[PDB]
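J.:
Protein chains: 4
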Amino acid sequence: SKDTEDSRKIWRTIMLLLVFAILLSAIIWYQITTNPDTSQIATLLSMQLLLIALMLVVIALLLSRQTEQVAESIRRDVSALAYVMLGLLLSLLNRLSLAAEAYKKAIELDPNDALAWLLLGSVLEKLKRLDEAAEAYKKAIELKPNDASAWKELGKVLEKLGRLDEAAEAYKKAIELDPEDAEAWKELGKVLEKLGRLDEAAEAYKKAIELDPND
Amino acid sequence: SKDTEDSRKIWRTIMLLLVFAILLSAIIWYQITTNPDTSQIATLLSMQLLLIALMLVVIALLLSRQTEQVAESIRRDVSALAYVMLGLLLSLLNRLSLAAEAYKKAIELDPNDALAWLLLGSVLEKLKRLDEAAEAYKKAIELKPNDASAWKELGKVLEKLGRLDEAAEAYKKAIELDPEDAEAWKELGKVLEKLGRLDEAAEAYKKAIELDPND
Amino acid sequence: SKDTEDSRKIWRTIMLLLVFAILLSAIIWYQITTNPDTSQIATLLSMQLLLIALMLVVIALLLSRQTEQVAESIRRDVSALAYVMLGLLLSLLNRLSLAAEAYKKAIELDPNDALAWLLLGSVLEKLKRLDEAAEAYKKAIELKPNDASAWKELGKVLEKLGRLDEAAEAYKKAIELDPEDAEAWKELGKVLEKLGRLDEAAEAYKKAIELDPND
Amino acid sequence: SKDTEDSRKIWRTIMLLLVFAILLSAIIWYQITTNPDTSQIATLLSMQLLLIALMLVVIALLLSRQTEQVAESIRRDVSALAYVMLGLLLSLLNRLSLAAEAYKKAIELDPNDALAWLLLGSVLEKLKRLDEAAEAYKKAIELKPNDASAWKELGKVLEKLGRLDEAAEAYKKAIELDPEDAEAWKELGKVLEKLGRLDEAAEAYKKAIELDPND
Numbered sequence: 001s002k003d004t005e006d007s008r009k010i011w012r013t014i015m016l017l018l019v020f021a022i023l024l025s026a027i028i029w030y031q032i033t034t035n036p037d038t039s040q041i042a043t044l045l046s047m048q049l050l051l052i053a054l055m056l057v058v059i060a061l062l063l064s065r066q067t068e069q070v071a072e073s074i075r076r077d078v079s080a081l082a083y084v085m086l087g088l089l090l091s092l093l094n095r096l097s098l099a100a101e102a103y104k105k106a107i108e109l110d111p112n113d114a115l116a117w118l119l120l121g122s123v124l125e126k127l128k129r130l131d132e133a134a135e136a137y138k139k140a141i142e143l144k145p146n147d148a149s150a151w152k153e154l155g156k157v158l159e160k161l162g163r164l165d166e167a168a169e170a171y172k173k174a175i176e177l178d179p180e181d182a183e184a185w186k187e188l189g190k191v192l193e194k195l196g197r198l199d200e201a202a203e204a205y206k207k208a209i210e211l212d213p214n215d
Numbered sequence: 001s002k003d004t005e006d007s008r009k010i011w012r013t014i015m016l017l018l019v020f021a022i023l024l025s026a027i028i029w030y031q032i033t034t035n036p037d038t039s040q041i042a043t044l045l046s047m048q049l050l051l052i053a054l055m056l057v058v059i060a061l062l063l064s065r066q067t068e069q070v071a072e073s074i075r076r077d078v079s080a081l082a083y084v085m086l087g088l089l090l091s092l093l094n095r096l097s098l099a100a101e102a103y104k105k106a107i108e109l110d111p112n113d114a115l116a117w118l119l120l121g122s123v124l125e126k127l128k129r130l131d132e133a134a135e136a137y138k139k140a141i142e143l144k145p146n147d148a149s150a151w152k153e154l155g156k157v158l159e160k161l162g163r164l165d166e167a168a169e170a171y172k173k174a175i176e177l178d179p180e181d182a183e184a185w186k187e188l189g190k191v192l193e194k195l196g197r198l199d200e201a202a203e204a205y206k207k208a209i210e211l212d213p214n215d
Numbered sequence: 001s002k003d004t005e006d007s008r009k010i011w012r013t014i015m016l017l018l019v020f021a022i023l024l025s026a027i028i029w030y031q032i033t034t035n036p037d038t039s040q041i042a043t044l045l046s047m048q049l050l051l052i053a054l055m056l057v058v059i060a061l062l063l064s065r066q067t068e069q070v071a072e073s074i075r076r077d078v079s080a081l082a083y084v085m086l087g088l089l090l091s092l093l094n095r096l097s098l099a100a101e102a103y104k105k106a107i108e109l110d111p112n113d114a115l116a117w118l119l120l121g122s123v124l125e126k127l128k129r130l131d132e133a134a135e136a137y138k139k140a141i142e143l144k145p146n147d148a149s150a151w152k153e154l155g156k157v158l159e160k161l162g163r164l165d166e167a168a169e170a171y172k173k174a175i176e177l178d179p180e181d182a183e184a185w186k187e188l189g190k191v192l193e194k195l196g197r198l199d200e201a202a203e204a205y206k207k208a209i210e211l212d213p214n215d
Numbered sequence: 001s002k003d004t005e006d007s008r009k010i011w012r013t014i015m016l017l018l019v020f021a022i023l024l025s026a027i028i029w030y031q032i033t034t035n036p037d038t039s040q041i042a043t044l045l046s047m048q049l050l051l052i053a054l055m056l057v058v059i060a061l062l063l064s065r066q067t068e069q070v071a072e073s074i075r076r077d078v079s080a081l082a083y084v085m086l087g088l089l090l091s092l093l094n095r096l097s098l099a100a101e102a103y104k105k106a107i108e109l110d111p112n113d114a115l116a117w118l119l120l121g122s123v124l125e126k127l128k129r130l131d132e133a134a135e136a137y138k139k140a141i142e143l144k145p146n147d148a149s150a151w152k153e154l155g156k157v158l159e160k161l162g163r164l165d166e167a168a169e170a171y172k173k174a175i176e177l178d179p180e181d182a183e184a185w186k187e188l189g190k191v192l193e194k195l196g197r198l199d200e201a202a203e204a205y206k207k208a209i210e211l212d213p214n215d
């Protein structure tokens with residue numbers, strides 16, 4: 001919201017430069033009429049003209065700054081979307097290492113781009129960069145706590161890392177967010193079975209079968 | 001067309017600030033020559049200078065505003081296309097929940113983006129969000145009444161919702177718009193048969209077969 | 001190149017508004033020193049101030065115009081690329097009617113976008129809009145006479161339209177541009193055979209086989 | 001960093017135009033009070049007004065220039081990403097010749113776009129433009145010396161060109177950068193065997209098998 005604050009400061013600055021020159025000019029109009037002495041009258045006109053000159057230059061400097069501020073903001077916002085989109089295209093051609101870089105660039109431009117973080121996570125898992133993938137998913141999840149897909153995907157990475165207990169918890173969270181996700185239920189089952197949690201595993205397996213009879 | 005109206009107001013404002021200063025300055029040129037009294041002459045010069053100072057500041061404020069107005073309009077238009085495109089890419093990777101969000105964002109930026117509405121509809125159906133899908137298709141159709149594809153897709157959602165009568169009507173409209181759409185004819189047939197409208201179902205089935213002998 | 005011409009006119013205008021005010025101001029500096037009469041001196045100062053006031057307003061109006069001109073040019077260029085890209089994405093999801101509209105939009109924004117014309121052609125053929133497809137390909141070809149792919153694709157549309165003679169010519173042109181295109185050779189063969197041009201058909205068939213022994 | 005240098009020159013110019021007018025105006029305020037002679041006082045006011053007029057015009061010209069500089073920079077950066085993205089989409093539809101052109105355009109806009117160079121390389125290989133592909137890969141590699149994928153892809157082009165020795169070296173570099181790349185190891189093996197380097201070929205083949213038992 002800094003732009004709102006800065007905009008108000010810019011407007012106030014322009015106003016104040018003029019108001020000062022206005023008030024003095026109004027004073028001078030009176031003073032010139034009152035005291036008919038060229039050497040005082042002209043001195044006041046020179047001062048008025050000087051204040052105006054400064055005012056206008058400062059204003060031009062403010063226009064320059066605002067033009068740049070606006071333009072940079074747009075450049076950034078456009079680029080961040082372009083990098084996410086680029087990563088998606090690179091991923092479609094299986095240019096996974098390059099896709100990861102594109103997502104990384106979107107993140108640097110906008111660190112709370114949960115999508116870029118999620119997608120980075122996916123690419124890193126596909127590239128077998130499992131530890132880095134888990135961290136990327138963790139970030140996407142903190143940004144969006146109710147992203148059931150991110151939770152499920154985290155689950156898969158954690159299982160691959162041998163983190164069966166944490167994997168089971170991540171799958172369980174995806175399920176609470178969306179109980180019909182038969183895949184999540186089956187994968188939860190697999191983790192629980194592997195983990196020795198046979199009764200829970202059996203229930204998870206059953207839910208995948210029962211929830212959608214055409215799975 | 002508000003921008004056209006605002007542009008005209010901005011131009012008129014700049015013109016009027018100057019015209020007032022012009023007319024007065026022309027008056028002052030005469031008055032100075034006519035009445036050779038420094039205390040009156042300078043008073044008029046001070047006033048002229050003040051009007052100019054205000055004029056120029058106001059103009060600078062208008063330049064600032066117009067710069068921002070133009071820039072924001074562009075940012076919005078660019079972003080709305082980017083969100084539709086993003087949704088399409090996310091859909092290609094089967095990131096359907098995320099694709100739906102991207103289409104939603106395009107809609108908020110432009111509520112009459114029939115494409116975003118149609119596509120949202122498609123994603124929602126694929127995600128089994130059938131009631132929401134029907135509403136999204138309805139919006140796309142109101143925006144584009146002769147979108148035969150949107151009508152056919154609405155038909156599919158309505159049938160899935162058990163709305164066989166409404167589904168048959170939606171398929172029929174797609175067909176009137178494009179009579180060669182064998183798929184629409186076959187799907188119409190399926191609805192009509194399910195609906196007990198056996199004679200109409202038979203005709204619809206026949207048209208799908210007859211319209212294109214290599215279907 | 002109109003922008004170059006307009007830019008020069010804008011610069012010249014700004015220069016001339018100032019140069020006139022400069023020359024007169026220099027004249028006035030001399031005249032004030034020479035003729036010590038307040039009623040003449042001030043009259044000249046008022047005139048100088050008025051010319052400056054006009055100059056600056058006109059300049060501000062020019063800044064406004066140039067800002068808008070630049071911004072609009074960019075908006076158009078960005079949008080035209082976005083529409084081609086959109087059409088390609090819609091085509092990947094088989095949203096062919098929508099893909100055609102996106103290409104059409106790119107064309108309206110830039111009528112010499114051979115790519116958009118070519119792609120439109122392709123979509124129209126896929127949509128069975130063969131007559132329209134032939135015209136779109138014709139436009140892409142006039143824009144790029146050495147686009148062997150566009151010539152081959154035109155060939156396919158023309159054959160589908162029953163225009164076997166014109167199809168054979170379009171295939172032949174694609175071949176002259178790229179003689180190794182075994183597909184073009186085979187398709188030329190098919191047209192020539194269908195057309196009764198059996199000796200030429202035989203040669204075309206042989207070239208497809210001989211050019212690349214692993215075709 | 002030229003923009004930083006130019007920005008500083010623009011700011012300094014605006015400052016200096018004003019500072020000169022300030023210093024002189026301050027001098028004039030004193031001189032008017034000191035020497036009560038209209039013909040000298042007004043001469044100084046005219047001069048002050050002239051300096052201001054010039055200053056403001058020059059500033060407006062600088063605003064115009066900066067607006068254009070900023071806008072052009074953005075246009076270029078946006079377009080270069082769009083061309084890479086366009087090439088990727090064209091490649092997905094197998095519009096390879098067109099994809100190559102899009103990558104070429106991105107390169108002209110930004111000659112150190114390693115991604116565009118790499119991708120161009122890939123398209124050229126797919127299009128059987130092997131000599132050109134090798135050069136494009138060489139450029140991508142010089143820009144990014146630790147792009148293991150670019151090294152492997154260069155390897156494939158070089159082998160296709162009959163350059164078995166250079167191909168083996170390119171594959172070896174990809175392997176040093178990423179030792180788990182079983183594909184690179186197998187392809188290295190194939191080159192080494194073809195090249196008569198049977199003992200090295202055997203080791204390379206073994207590594208592909210041993211590195212990932214599920215390859």
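Protein chains in written order, with PDB author numbering: chain A, 1 to 215; chain B, 1 to 215; chain C, 1 to 215; chain D, 1 to 215. Ideal Cβ positions, reconstructed from N, Cα and C, are used throughout, including at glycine.
How about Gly-155 of chain A and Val-191 of chain A: do their beta carbons lie closer than 9 Å?
T.: Contact: yes.
J.: According to DSSP, simplified to helix, strand and coil, what is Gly-162 of chain C?
T.: If DSSP states are grouped into helix, strand and coil, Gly-162 of chain C belongs with coil.
J.: Find out if the Cβ-Cβ distance for the pair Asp-113 of chain A, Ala-106 of chain A is shorter than 9 Å.
T.: Taking 9 Å as the Cβ cut-off, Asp-113 of chain A and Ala-106 of chain A qualify as a contacting pair.
J.: In chain order, what residues of the same chain lie with their CB nearer than 7 Å to the CB of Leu-98 of chain D, ignoring the 5 residues before and after it?
T.: So the list reads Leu-90, once near-sequence residues are dropped.
J.: Going by C-alpha distance, which of A:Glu-142, A:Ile-74, A:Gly-189, A:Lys-152 is nearest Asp-178 of chain A?
T.: Residue A:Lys-152 is the option with its Cα nearest to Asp-178 of chain A.
J.: Using a 10 Å radius around the Cβ and a threshold of 16 neighbouring Cβ atoms, would you call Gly-162 of chain A buried or exposed?
T.: That one is exposed.
J.: Determine whether the Cβ of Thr-34 of chain D lies closer than 9 Å to any Cβ atom of chain B.
T.: Taking Cβ atoms only, chain B never reaches closer than 9 Å to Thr-34 of chain D, which makes this a no.
J.: Below 8 Å CB to CB, which residues in the same chain sit around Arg-75 of chain C once its five sequence neighbours on both sides are set aside?
T.: For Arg-75 of chain C, where only same-chain residues beyond five positions count, there are no Cβ hits under 8 Å.
J.: For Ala-184 of chain B, which residues in chain C fall below 9 Å Cβ to Cβ?
T.: Near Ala-184 of chain B there are no residues of chain C at all, since even the closest Cβ is about 13 Å away, more than 9 Å.
J.: From the beta carbon of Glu-180 of chain A, is the nearest beta carbon of chain B less than 9 Å away?
T.: Interface residue, yes.
J.: What separation, rounded to the nearest whole angstrom, lies between the Cα atoms of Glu-183 of chain A and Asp-215 of chain A?
T.: The straight-line gap from Cα to Cα measures roughly 9 Å.
J.: Measuring only between beta-carbons, confirm whether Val-78 of chain B sits less than 9 Å from chain A.
T.: Yes, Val-78 of chain B lies at the interface with chain A (some Cβ there is under 9 Å from its Cβ).
J.: Grouping DSSP H, G and I as helix and E and B as strand, with all else coil, what is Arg-75 of chain A?
T.: In the structure shown, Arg-75 of chain A sits in a helix (DSSP, three-state: H, G or I).
J.: Assign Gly-196 of chain A to buried or exposed, taking buried as 16 or more other Cβ atoms, counted over all protein chains shown, within 10 Å of its Cβ.
T.: Classification for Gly-196 of chain A: exposed.
J.: Which residues in chain A have a C-beta closer than 8 Å to the C-beta of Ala-71 of chain B? List them in chain order.
T.: Going along chain A in sequence order, the residues near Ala-71 of chain B (Cβ under 8 Å) are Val-70, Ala-71, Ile-74.
J.: Can you list the residues of chain D that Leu-211 of chain A reaches, using a CB-CB cut of under 9 Å?
T.: None at all; the shortest Cβ gap to chain D is about 31 Å.
J.: Would you say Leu-63 of chain C reaches chain D, if we count a Cβ-Cβ gap shorter than 9 Å as a contact?
T.: Interface residue, yes.
J.: Applying the 10 Å Cβ sphere with the 16-neighbour rule, what's the burial state of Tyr-83 of chain C?
T.: So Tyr-83 of chain C counts as buried.
J.: Which residues of the stretch 22 to 54 of chain D have a Cβ closer than 8 Å to any Cβ of chain B? Give them in chain order.
T.: Of all residues in the stretch 22 to 54 of chain D, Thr-38 have a Cβ within less than 8 Å of some Cβ in chain B.
J.: Against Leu-143 of chain C, what residues of chain D qualify as contacts under a CB-to-CB distance less than 9 Å, listed in chain order?
T.: What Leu-143 of chain C touches in chain D: nothing, since even the nearest Cβ is about 13 Å away.
J.: Does chain B have any CB closer than 9 Å to the CB of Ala-201 of chain C?
T.: False, the Cβ-Cβ gap to chain B never drops below 9 Å.
J.: Under the rule that 16 or more other beta-carbon atoms within 10 Å means buried, what is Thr-34 of chain B, buried or exposed?
T.: Exposed: under 16 other Cβ atoms inside 10 Å.
J.: I want to verify the contact list: residues of chain E whose CB lies under 9 Å from the CB of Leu-56 of chain C, in sequence order.
T.: Here chain E cannot be found, since the structure's protein chains are A, B, C and D.
J.: For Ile-59 of chain C, which residues in the same chain have their Cβ closer than 6 Å to its Cβ, ignoring the five residues on either side in sequence?
T.: Correct list, in chain order: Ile-14.
J.: Just to confirm, is the Cβ distance from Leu-127 of chain B to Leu-88 of chain A under 9 Å?
T.: Contact flag unset, no.
J.: When you compare only the Cα positions, how much space is there between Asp-110 of chain A and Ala-80 of chain A?
T.: So the two alpha carbons sit approximately 7 Å from each other.
J.: If you run the structure through DSSP and keep just helix, strand and coil, what is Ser-1 of chain D?
T.: Coil.
J.: Return the Cβ separation of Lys-160 of chain D and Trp-185 of chain D in integer angstroms, given the expectation that the two are a contact with Cβ distance under 8 Å.
T.: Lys-160 of chain D to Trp-185 of chain D, Cβ: 19 Å. No contact.
J.: Please report how far the alpha carbon of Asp-147 of chain D lies from the alpha carbon of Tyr-137 of chain D, in whole angstroms.
T.: Cα to Cα, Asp-147 of chain D sits roughly 10 Å from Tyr-137 of chain D.
J.: Roughly how many angstroms separate the alpha carbons of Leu-164 of chain B and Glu-200 of chain B, rounded to a whole number?
T.: Their backbone Cα atoms lie some 14 Å apart in a straight line.
J.: Can you tell me which of the three DSSP states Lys-128 of chain B falls into?
T.: Note: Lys-128 of chain B maps to coil in three-state DSSP.
J.: In the structure shown, what three-state DSSP assignment does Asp-6 of chain B receive?
T.: If DSSP states are grouped into helix, strand and coil, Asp-6 of chain B belongs with the helices.
J.: Which whole runs of the beta strand (DSSP E) in the stretch 162 to 214 of chain C are 3 residues long or more, in chain order?
T.: Entirely contained in the stretch 162 to 214 of chain C, not one beta strand (DSSP E) run reaches 3 residues.
J.: Short of 8 Å Cβ to Cβ, which residues in the stretch 85 to 102 of chain A face chain D?
T.: Hits within the stretch, in order: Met-85, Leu-86, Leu-89, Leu-90, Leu-92, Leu-93, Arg-95, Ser-97, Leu-98.
J.: What does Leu-81 of chain B reach in chain C if we use C-beta pairs closer than 9 Å?
T.: What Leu-81 of chain B touches in chain C: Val-78, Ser-79, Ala-82, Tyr-83, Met-85, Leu-86.
J.: Are the beta-carbon atoms of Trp-117 of chain D and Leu-92 of chain D separated by less than 9 Å?
T.: Their beta carbons are not under 9 Å apart, which means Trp-117 of chain D does not touch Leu-92 of chain D by this criterion.
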